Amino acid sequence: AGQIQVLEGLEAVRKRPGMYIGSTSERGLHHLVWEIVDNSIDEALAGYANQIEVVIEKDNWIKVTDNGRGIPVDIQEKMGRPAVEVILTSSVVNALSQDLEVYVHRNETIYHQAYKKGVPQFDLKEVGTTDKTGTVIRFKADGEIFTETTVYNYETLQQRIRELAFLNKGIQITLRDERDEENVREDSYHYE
């Protein structure tokens, strides 16, 4: 019933992307990071996280990690599906990513799910145990949407990360570039 409406939401994001993210240029590419990063910042603001890490990985994957409570995994009654799937199958980032995955550390458990263009590739799966909580999202921007470039700009990321850390004092926000294995760069910001 409500799975029909999830599907149509994805078709709608993918047909008119600029209506959701501003554009499909370099600016909109970087806007995907901001959308993920802002959820981590809200978690810190609610009192539950103090560390966010943004990694530019090989092939221009992005990984965003925080140490908050973990996206919830409980079964929504009205979908029959785990909360984390419901939130992610209505995410613009996910819809505009050729691939994306999520790891959630919560309830001493590591849960995992993957998607392509917003569509789950399998049911949320328990994959491990943990004594931490938090959320990891890694995603690969869709080249079919972002036709100008899918290459991130370290200084573009760094300037905005430094400004977010300055504006949201008490959060440690760390940027790392790992695209070049032989020269890894990292800048780490933590005001008060």
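Each residue number is its position in the shown sequence, starting from 1. For the two forms, the rigid core is made up of the largest set of C-alpha atoms that agree within 1.5 Å on superposition.
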So which moves more in 8 other deposited structures of this protein by CA, 78-86 or 104-112, given a superposition on the core?
78-86
Please compare 64-72 with 22-30 and say which has the higher mean C-alpha temperature factor in the record.
22-30
Would you determine, from the values in the PDB entry, which of 88-96 and 73-81 has the greater average C-alpha temperature factor?
73-81
From the list 51, 156, 135, 147, select the residue with the highest C-alpha B factor recorded in the entry.
147
Using only the C-alpha B-factors in the record, can you name which of 45, 141, 36, 56 has the highest?
45
Residue 165: CA B-factor among chain residues, third -> lowest
Third assignment of residue 179 from its chain's C-alpha B-factors
middle
Which third of the chain does residue 192 land in by C-alpha B-factor: lowest, middle or highest?
highest
Select lowest, middle or highest to describe the third in which the CA B-factor of residue 10 falls within its chain in this entry.
highest
Residue 41: which third of its chain by C-alpha temperature factor?
middle
